[PDB]
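K.L.:
Quick one: the structure is below, and I'll ask about it shortly.
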There are 2 protein chains.
Amino acid sequence: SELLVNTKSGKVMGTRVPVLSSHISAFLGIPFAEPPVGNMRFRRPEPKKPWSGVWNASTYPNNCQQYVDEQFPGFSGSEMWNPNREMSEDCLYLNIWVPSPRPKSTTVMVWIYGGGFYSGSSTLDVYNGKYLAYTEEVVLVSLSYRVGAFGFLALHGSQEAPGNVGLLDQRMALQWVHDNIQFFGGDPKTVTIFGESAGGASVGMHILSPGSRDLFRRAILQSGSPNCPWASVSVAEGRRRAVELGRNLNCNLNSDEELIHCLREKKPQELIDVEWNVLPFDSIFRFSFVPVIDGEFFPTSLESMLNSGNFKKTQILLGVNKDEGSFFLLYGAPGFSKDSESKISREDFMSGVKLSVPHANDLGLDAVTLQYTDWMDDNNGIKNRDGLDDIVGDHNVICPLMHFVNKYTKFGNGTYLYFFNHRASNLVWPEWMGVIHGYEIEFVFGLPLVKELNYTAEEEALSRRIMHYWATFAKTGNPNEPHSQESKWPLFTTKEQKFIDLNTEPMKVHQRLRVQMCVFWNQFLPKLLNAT
Amino acid sequence: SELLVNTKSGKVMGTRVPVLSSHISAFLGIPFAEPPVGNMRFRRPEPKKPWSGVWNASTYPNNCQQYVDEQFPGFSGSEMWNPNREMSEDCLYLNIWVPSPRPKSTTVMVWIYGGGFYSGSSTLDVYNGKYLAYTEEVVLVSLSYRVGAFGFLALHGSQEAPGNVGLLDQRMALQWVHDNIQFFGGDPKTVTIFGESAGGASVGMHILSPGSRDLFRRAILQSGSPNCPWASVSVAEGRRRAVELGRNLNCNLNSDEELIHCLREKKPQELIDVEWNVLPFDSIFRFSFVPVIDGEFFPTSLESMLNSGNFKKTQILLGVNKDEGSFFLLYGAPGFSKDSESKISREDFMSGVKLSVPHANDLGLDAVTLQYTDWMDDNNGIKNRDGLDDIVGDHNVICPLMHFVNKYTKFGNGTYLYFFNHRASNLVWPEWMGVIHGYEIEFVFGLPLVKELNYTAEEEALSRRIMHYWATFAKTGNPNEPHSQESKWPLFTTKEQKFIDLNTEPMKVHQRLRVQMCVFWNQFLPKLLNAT
Ligand SMILES: *[C@@H]1O[C@H](CO)[C@@H](O)[C@H](O)[C@H]1NC(C)=O
Ligand SMILES: *[C@@H]1O[C@H](CO)[C@@H](O)[C@H](O)[C@H]1NC(C)=O
Ligand SMILES: *[C@H]1O[C@H](CO)[C@@H](O)[C@H](O)[C@H]1NC(C)=O
Ligand SMILES: *[C@H]1O[C@H](CO)[C@@H](O)[C@H](O)[C@H]1NC(C)=O
Ligand SMILES: *[C@](C)(O)CCC[N+](C)(C)C
Ligand SMILES: *[C@](C)(O)CCC[N+](C)(C)C
Ligand SMILES: CC(=O)CCC[N+](C)(C)C
Ligand SMILES: CC(=O)CCC[N+](C)(C)C
């Protein structure tokens with residue numbers, strides 16, 4: 001049967017799924033690691049023990065234990081990101097959408113969900129890979145990994161909670177795809193990993209980590225990069241947060257052994273209820289448990305690795321959205337609201353600046369304020385609002401990504417940069433948020449092809465154009481069709497530094513994406529805070 | 001006789017002068033202090049001893065000993081500023097242009113020449129006040145004062161060379177005008193002092209100095225302010241330069257007494273030949289001997305006086321030119337030339353930045369560079385050139401003046417701000433220099449009314465409009481005609497901060513003159529250099 005596949009771990013029974021008045025195979029909930037439960041909490045993942053009989057891969061697996069956003073109960077804009085299936089520490093599974101009839105050796109794309117390393121699910125509606133698998137004839141795989149303390153609590157030195165275990169879960173999945181994807185018609189030698197936000201940072205981290213490089217061919221990073229200020233913490237900071245988490249749960253803190261044992265006796269939701277109490281500063285776009293620069297998964301500092309070229313050299317495609325910072329300002333900055341235009345007073349602007357650059361002293365804060373304030377009209381509430389949006393977006397996503405792309409392109413084998421700036425006609429979020437963080441995903445996964453979702457024709461066209469760029473790139477290392485008559489997405493070079501806009505209008509090529517502001521965040525500000 | 005006037009110091013015989021197919025009286029070279037020669041060098045000025053008989057005031061007096069610009073021999077653009085009469089330490093004289101027939105009590109305007117406190121002459125062609133006196137029916141007076149070491153060598157504590165004696169020369173002249181101007185038909189109670197550059201800084205310094213406040217009614221400052229970074233030095237810095245000047249002339253440096261005696265035995269040109277060797281840094285727009293914050297002429301720091309309102313409260317009219325920095329870049333910055341377009345490479349830009357902000361450390365220099373560099377086109381030689389022009393102009397003239405105006409307007413009784421941006425059609429300097437420092441003077445003195453100078457009709461109109469603004473202001477404290485039908489120059493207020501452009505087009509009102517850049521120079525940069 002086409003829905004039956006035998007793998008090195010055992011046999012799995014898929015399920016026929018309808019997609020755009022057609023059908024393809026879907027293998028949901030395939031286990032790739034032993035359930036990281038009990039004394040295994042915080043530990044490195046163990047490979048899933050082979051099973052006898054047939055594994056029922058007809059329905060989505062559980063979602064990992066995580067904080068659930070209840071900021072707007074019933075609101076689809078926020079709940080579409082929440083876990084849509086029961087939560088459980090037993091959540092290490094992956095999903096595969098296979099074209100019908102089953103291919104023999106077609107391109108493979110592996111999706112790594114974002115969510116600040118504190119949340120995320122591979123089962124979300126917006127991540128359904130049947131449209132991309134069907135439309136582009138690729139084997140679409142979506143993995144899962146532990147988030148929150150469960151996947152990133154870090155007590156470097158200890159082996160019961162070394163940290164980065166969530167990254168290792170991802171690797172374990174990539175390893176499984178490498179070893180078994182062939183049986184589903186996929187080519188293990190043409191696997192492209194791609195993810196957004198923390199998933200984008202994850203992708204970059206696998207490009208950097210020696211132990212992950214050989215498990216994939218190419219990479220796509222969407223609004224995320226390994227060097228993002230929120231993507232990692234030092235060994236010391238990780239430890240401090242783990243201890244503080246223990247302090248929040250009335251744990252014995254005499255030793256890592258005692259601390260870890262206590263955290264392991266606590267129920268999932270217990271750790272999640274106090275998770276946000278460990279942050280060092282009052283800030284936005286900062287998450288408690290994230291990857292740690294341990295000297296193992298990451299040999300040395302990310303910056304020294306990028307400088308020295310200590311990373312996988314291949315082709316990459318990446319980009320950002322126009323309004324990367326609007327999302328987090330709405331959730332934490334004073335003066336922002338979901339149902340108002342959120343015009344920001346100068347007082348709230350100042351408060352917002354301090355929340356956005358937590359590690360900054362007075363001089364630094366002044367530097368930022370000056371850089372983003374129009375002193376000819378400093379009380380303009382819209383300019384203040386949009387100003388904060390740019391600060392949060394430039395500081396947390398765009399500039400870090402631009403630093404990464406410029407450093408990688410030095411040793412890489414081909415770079416393709418994009419700037420996504422189209423606002424969905426059916427977006428349910430307020431207009432002031434613009435082209436929101438993560439809203440390019442629905443176009444990447446082909447949602448605009450489903451008439452019932454109420455997208456416009458032009459948007460359906462953009463989605464198809466994007467899906468084909470991603471798929472053609474994964475397959476060839478170039479998003480463009482060899483001898484095509486359509487506009488060519490130029491290669492990003494150290495010299496020209498070209499990129500394209502991704503919207504519904506005819507393609508346009510630009511250069512030096514956000515160069516002015518990124519010189520400030522990547523070169524000047526760091527130097528200032530360090531000198532002072 | 002109309003050309004004969006008896007004053008408290010004695011009688012003076014003027015000379016009838018033709019002006020625009022007409023005539024007025026001119027009293028040139030009237031002494032107002034004893035010749036500061038011999039053992040009087042570096043000393044405070046002594047009032048001129050009354051004389052018997054008639055003093056021949058028919059020809060211009062000598063010019064004070066000063067450095068002479070020979071950078072472009074034969075070139076009128078530079079030589080029009082050089083002394084046009086024999087130099088001599090015996091140079092303390094003033095000139096008066098009196099309307100004919102002699103008025104009884106008309107408005108008086110006193111001109112204070114600029115020249116960085118190291119040069120200047122009251123006899124220059126561009127300073128001839130016959131056009132302004134004739135056209136506006138005002139008594140025009142132009143004083144003179146010692147420049148260079150002669151007027152500003154400062155060894156605070158000593159009474160033989162206390163410093164600021166050049167400022168006291170100006171005051172002595174103002175005192176003479178106060179006591180005798182009435183005999184020439186002038187009203188001692190309606191005297192407006194005005195000057196450009198160092199003359200503008202001088203005007204502001206008399207507004208600040210308790211001992212000068214009562215000697216005038218109003219003030220006009222052209223491209224100069226008391227707080228300009230080049231307008232003054234500390235007691236310590238002044239002393240260091242005096243000692244260094246002595247060191248350059250092989251002087252005994254065992255004591256102020258010995259040092260001063262030596263400097264006094266040296267011939268004028270001897271001190272002038274080594275004058276520029278005392279500057280502390282490699283820099284442009286910096287002069288060796290300038291006013292000193294002594295605790296006498298200036299009670300406390302200029303900034304504390306401005307903050308506390310410790311200054312004469314009256315009405316003031318002031319402004320700047322569009323390209324204030326081009327002049328000094330041509331003379332000292334690498335890459336600039338008089339006969340080329342002076343397109344600046346990035347290397348020369350960097351060199352130029354360091355010459356413009358001498359007191360800046362690396363971080364500061366980076367701050368400036370970032371503030372004035374277009375990172376989307378950083379190799380554009382024209383942008384680099386014009387960028388340096390703005391830096392030198394903003395840092396040395398505009399921003400200091402904006403700080404002064406905003407501080408004064410707080411306690412003052414009326415402020416009128418202008419932005420002069422018209423480039424003379426007959427300017428002999430290269431086009432890249434734009435609206436050069438000091439080229440608004442010829443319009444202030446009415447040169448465009450002399451057909452032979454080859455100005456355009458529109459320019460003659462602007463000159464008349466400017467002359468009338470200045471004269472109406474000196475007379476009433478408001479540049480506008482009471483019930484006039486012409487455009488009204490709005491009053492500058494703390495709230496609105498309005499100003500006007502001064503050119504040949506119809507008047508336009510703007511607000512926040514150069515606010516963005518001045519926030520950087522007046523607030524941010526100072527804070528940065530101080531924190532680091
Ligand atoms: C990529 O690598 C191939 C072979 O190593 C080389 O021929 C090609 O020039 C490279 N292309 C880029 C964009 O560096
Ligand atoms: C100037 O002073 C007069 C009298 O002291 C006062 O009536 C007037 O309001 C003042 N004007 C300004 C511009 O401050
Ligand atoms: C898989 O189990 C059986 C087939 O063995 C199938 O009927 C069922 O729907 C699947 N799982 C569920 C939804 O219980
Ligand atoms: C002033 O002196 C006489 C009048 O006493 C006059 O002829 C002469 O021209 C004036 N000074 C000069 C130029 O010698
Ligand atoms: C990224 C910080 O990991 C942000 C995740 C955003 N969503 C939209 C995917 C949840
Ligand atoms: C000011 C520094 O004192 C510059 C004087 C410029 N001129 C044009 C009047 C000589
Ligand atoms: C970005 C986030 O959704 C942060 C959510 C807000 N808390 C930190 C308060 C839970
Ligand atoms: C502004 C000046 O004219 C400076 C002149 C140049 N030297 C300092 C070298 C004499």
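Identifiers in this document derive from the order of the structure tokens: chains are assigned A, B, ..., residues are numbered from 1 separately in each chain, and ligands are numbered from 1 in order of occurrence.
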Should the cut-off be 12 Å, what would the residue list for chain B against chain A look like, counting only C-alpha atoms, as a count of residues only?
P.N.:
43
K.L.:
Could you give me, as number ranges by chain, the residues within 6 Å of range 185-197 of chain B, counting only C-alpha atoms and dropping anything in the same chain fewer than 2 positions from it?
P.N.:
B: 102-114, 139, 178, 181-183, 199-200, 216-224, 474
K.L.:
Write the residues of the selection above to a file with N, CA, C and O atoms, as a compact mmCIF listing (two decimals), in the first residue's frame.
P.N.:
# COMPACT_ATOMS: atom_id res chain seq x y z
N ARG B 102 23.61 116.84 9.28
CA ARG B 102 23.79 116.13 10.55
C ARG B 102 22.48 116.01 11.31
O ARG B 102 21.79 117.01 11.52
N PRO B 103 22.12 114.79 11.73
CA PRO B 103 20.87 114.60 12.48
C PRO B 103 21.03 115.16 13.90
O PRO B 103 22.10 115.65 14.26
N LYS B 104 19.97 115.10 14.70
CA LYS B 104 20.03 115.62 16.07
C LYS B 104 20.10 114.48 17.08
O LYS B 104 20.83 114.56 18.07
N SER B 105 19.33 113.43 16.84
CA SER B 105 19.30 112.28 17.73
C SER B 105 18.78 111.03 17.02
O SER B 105 17.72 110.50 17.36
N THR B 106 19.53 110.57 16.03
CA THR B 106 19.12 109.39 15.27
C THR B 106 19.78 108.09 15.77
O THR B 106 20.73 108.13 16.56
N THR B 107 19.25 106.96 15.31
CA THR B 107 19.75 105.64 15.68
C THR B 107 21.23 105.45 15.38
O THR B 107 21.72 105.88 14.33
N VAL B 108 21.93 104.80 16.30
CA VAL B 108 23.36 104.53 16.16
C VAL B 108 23.65 103.03 16.06
O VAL B 108 23.10 102.23 16.82
N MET B 109 24.49 102.65 15.10
CA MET B 109 24.87 101.26 14.90
C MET B 109 26.39 101.17 14.95
O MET B 109 27.08 101.89 14.22
N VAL B 110 26.91 100.30 15.81
CA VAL B 110 28.35 100.12 15.96
C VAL B 110 28.76 98.74 15.45
O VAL B 110 28.28 97.72 15.94
N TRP B 111 29.67 98.74 14.48
CA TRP B 111 30.17 97.52 13.86
C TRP B 111 31.44 96.97 14.50
O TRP B 111 32.40 97.71 14.71
N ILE B 112 31.42 95.67 14.78
CA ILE B 112 32.57 94.99 15.37
C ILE B 112 33.01 93.90 14.40
O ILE B 112 32.34 92.87 14.25
N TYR B 113 34.15 94.13 13.74
CA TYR B 113 34.66 93.18 12.75
C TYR B 113 35.04 91.81 13.30
O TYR B 113 35.40 91.66 14.46
N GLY B 114 34.94 90.80 12.43
CA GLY B 114 35.30 89.45 12.81
C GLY B 114 36.70 89.15 12.33
O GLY B 114 37.42 90.06 11.92
N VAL B 139 23.56 106.69 12.26
CA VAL B 139 24.95 107.07 12.46
C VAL B 139 25.70 105.74 12.57
O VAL B 139 25.53 105.01 13.54
N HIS B 178 29.20 106.19 23.71
CA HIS B 178 28.20 106.52 24.72
C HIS B 178 28.35 107.97 25.18
O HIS B 178 27.35 108.68 25.36
N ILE B 181 28.85 110.25 21.00
CA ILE B 181 28.03 110.12 19.79
C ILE B 181 26.97 111.21 19.61
O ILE B 181 26.63 111.56 18.48
N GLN B 182 26.48 111.75 20.72
CA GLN B 182 25.45 112.80 20.68
C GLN B 182 25.91 114.01 19.86
O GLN B 182 25.12 114.63 19.15
N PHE B 183 27.20 114.33 19.95
CA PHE B 183 27.73 115.47 19.23
C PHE B 183 27.75 115.28 17.72
O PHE B 183 27.98 116.23 16.97
N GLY B 199 33.21 88.82 15.62
CA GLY B 199 32.57 90.08 15.93
C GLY B 199 31.20 89.75 16.48
O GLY B 199 30.65 90.47 17.31
N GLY B 200 30.64 88.64 16.01
CA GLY B 200 29.34 88.22 16.49
C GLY B 200 29.51 87.65 17.89
O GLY B 200 28.66 87.84 18.77
N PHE B 216 25.20 99.84 25.61
CA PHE B 216 24.46 99.70 24.36
C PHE B 216 23.00 99.33 24.62
O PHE B 216 22.64 98.93 25.72
N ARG B 217 22.17 99.45 23.59
CA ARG B 217 20.75 99.17 23.71
C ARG B 217 20.33 97.80 23.16
O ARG B 217 19.63 97.05 23.84
N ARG B 218 20.75 97.48 21.93
CA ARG B 218 20.39 96.22 21.29
C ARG B 218 21.60 95.54 20.67
O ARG B 218 22.69 96.13 20.60
N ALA B 219 21.39 94.32 20.18
CA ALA B 219 22.48 93.56 19.59
C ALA B 219 22.10 92.69 18.39
O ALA B 219 21.01 92.11 18.34
N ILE B 220 23.02 92.61 17.44
CA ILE B 220 22.85 91.79 16.24
C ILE B 220 24.09 90.92 16.12
O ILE B 220 25.22 91.42 16.08
N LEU B 221 23.87 89.61 16.07
CA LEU B 221 24.97 88.67 15.96
C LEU B 221 24.88 87.89 14.65
O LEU B 221 23.93 87.15 14.41
N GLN B 222 25.89 88.06 13.80
CA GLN B 222 25.94 87.39 12.51
C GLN B 222 26.97 86.25 12.51
O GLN B 222 28.18 86.49 12.63
N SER B 223 26.47 85.02 12.38
CA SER B 223 27.30 83.81 12.32
C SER B 223 28.35 83.75 13.43
O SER B 223 29.50 83.41 13.18
N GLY B 224 27.95 84.08 14.65
CA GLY B 224 28.89 84.07 15.75
C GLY B 224 28.11 84.13 17.03
O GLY B 224 27.05 84.75 17.09
N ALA B 474 17.43 98.09 14.94
CA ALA B 474 18.29 98.89 15.81
C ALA B 474 17.50 100.04 16.41
O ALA B 474 17.66 100.37 17.59
K.L.:
Residues contacting ligand 4 - anything with an atom at most 10 Å away, using only C-alpha atoms and all ligand atoms - can you give me those as an MDAnalysis selection string?
P.N.:
chainID B and resid 13:15 54:60
K.L.:
Which residue is closest to ligand 5? Choose from A:129, A:268, A:157, A:229 and count only C-alpha atoms and all ligand atoms.
P.N.:
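Checking each of A:129, A:268, A:157, A:229 against ligand 5, counting only C-alpha atoms and all ligand atoms, the winner is A:229.
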K.L.:
Can you tell me, as a short mmCIF file (atom, residue, chain, number, x, y, z; two decimals) with N, CA and C atoms, in the first residue's frame, what residues are no more than 10 Å from residue 330 in chain A when counting only C-alpha atoms, ignoring any on the same chain fewer than 4 positions away?
P.N.:
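Output file selection26.cif is given in full below:
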data_model
loop_
_atom_site.label_atom_id
_atom_site.label_comp_id
_atom_site.auth_asym_id
_atom_site.auth_seq_id
_atom_site.Cartn_x
_atom_site.Cartn_y
_atom_site.Cartn_z
N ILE A 284 11.26 43.45 26.46
CA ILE A 284 10.38 42.80 25.51
C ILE A 284 11.31 42.07 24.56
N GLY A 325 8.97 44.30 14.67
CA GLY A 325 8.79 44.60 16.09
C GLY A 325 7.39 44.85 16.64
N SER A 326 6.41 45.07 15.77
CA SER A 326 5.06 45.37 16.23
C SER A 326 4.44 44.33 17.17
N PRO A 334 4.08 49.86 27.05
CA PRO A 334 2.96 50.69 27.49
C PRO A 334 2.46 51.61 26.37
N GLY A 335 1.14 51.75 26.26
CA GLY A 335 0.57 52.61 25.25
C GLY A 335 0.07 51.89 24.00
N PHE A 336 0.49 50.64 23.83
CA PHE A 336 0.06 49.86 22.67
C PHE A 336 -1.15 49.03 23.03
N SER A 337 -2.10 48.96 22.11
CA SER A 337 -3.32 48.18 22.33
C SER A 337 -3.74 47.55 21.03
N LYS A 338 -4.44 46.43 21.14
CA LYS A 338 -4.89 45.72 19.96
C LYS A 338 -6.01 46.44 19.23
N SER A 342 -2.85 52.95 18.76
CA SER A 342 -1.62 52.95 19.53
C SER A 342 -0.66 54.09 19.22
N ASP A 389 8.50 50.55 16.68
CA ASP A 389 8.35 49.35 15.87
C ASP A 389 9.68 49.05 15.16
N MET A 433 0.10 47.54 13.11
CA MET A 433 1.11 46.49 13.22
C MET A 433 1.79 46.17 11.89
#
K.L.:
With DSSP run on the backbone, what are the alpha helix (DSSP H) residues within range 351-394 of chain A? I'd like them as a PyMOL selection string.
P.N.:
chain A and resi 351-356+362-371+381-393
K.L.:
Can I get the residues close to ligand 7 as a ChimeraX atom specification, where close means within 7 Å and we count only C-alpha atoms and all ligand atoms?
P.N.:
/A:69,276,284-285,328,331-332
K.L.:
Could you write those residues out with C-alpha atoms, as an mmCIF file, in the first residue's frame?
P.N.:
data_model
loop_
_atom_site.group_PDB
_atom_site.id
_atom_site.type_symbol
_atom_site.label_atom_id
_atom_site.label_comp_id
_atom_site.auth_asym_id
_atom_site.auth_seq_id
_atom_site.Cartn_x
_atom_site.Cartn_y
_atom_site.Cartn_z
ATOM 1 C CA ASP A 69 -0.990 32.815 25.026
ATOM 2 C CA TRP A 276 8.838 34.416 33.082
ATOM 3 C CA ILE A 284 10.378 42.799 25.506
ATOM 4 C CA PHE A 285 11.598 40.283 22.948
ATOM 5 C CA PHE A 328 6.114 42.274 20.950
ATOM 6 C CA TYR A 331 2.253 42.456 24.292
ATOM 7 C CA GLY A 332 4.517 44.442 26.597
#
K.L.:
Using only C-alpha atoms and all ligand atoms, which residues of the polymer chains come no farther than 7 Å from ligand 2? I'd like the answer as a PyMOL selection string.
P.N.:
chain B and resi 412-414
K.L.:
Give me the residues near range 485-488 of chain B as a ChimeraX atom specification, where near means some atom within 9 Å (using only C-alpha atoms) and where sequence neighbours in that chain fewer than 5 positions away do not count.
P.N.:
/B:479-480,506-508
K.L.:
Save the residues we just selected, N, CA, C and O atoms, as an mmCIF file, in the first residue's frame?
P.N.:
data_model
loop_
_atom_site.group_PDB
_atom_site.id
_atom_site.type_symbol
_atom_site.label_atom_id
_atom_site.label_comp_id
_atom_site.auth_asym_id
_atom_site.auth_seq_id
_atom_site.Cartn_x
_atom_site.Cartn_y
_atom_site.Cartn_z
ATOM 1 N N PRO B 479 12.459 94.294 13.503
ATOM 2 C CA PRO B 479 12.884 94.572 12.127
ATOM 3 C C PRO B 479 11.752 94.983 11.174
ATOM 4 O O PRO B 479 12.006 95.579 10.130
ATOM 5 N N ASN B 480 10.510 94.672 11.543
ATOM 6 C CA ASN B 480 9.345 94.991 10.712
ATOM 7 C C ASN B 480 8.813 96.418 10.840
ATOM 8 O O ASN B 480 8.904 97.045 11.896
ATOM 9 N N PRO B 506 10.475 85.072 -2.309
ATOM 10 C CA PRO B 506 9.554 85.659 -1.331
ATOM 11 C C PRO B 506 9.734 84.980 0.029
ATOM 12 O O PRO B 506 9.908 83.762 0.105
ATOM 13 N N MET B 507 9.697 85.775 1.093
ATOM 14 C CA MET B 507 9.882 85.269 2.447
ATOM 15 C C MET B 507 9.149 83.972 2.768
ATOM 16 O O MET B 507 8.025 83.741 2.320
ATOM 17 N N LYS B 508 9.812 83.132 3.555
ATOM 18 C CA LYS B 508 9.267 81.857 3.998
ATOM 19 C C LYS B 508 9.621 81.686 5.468
ATOM 20 O O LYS B 508 10.756 81.938 5.872
#
K.L.:
Would you name the residues within 10 Å of ligand 8, counting only C-alpha atoms and all ligand atoms, and put them as JSON, numbers by chain?
P.N.:
{"B": [67, 68, 69, 70, 71, 78, 115, 116, 118, 119, 272, 273, 274, 275, 276, 277, 279, 282, 283, 284, 285, 286, 287, 288, 327, 328, 329, 330, 331, 332]}
K.L.:
Which residues sit within 12 Å of ligand 1, counting only C-alpha atoms and all ligand atoms, listed as number ranges by chain?
P.N.:
A: 313-316, 408-416, 476-478, 490-494
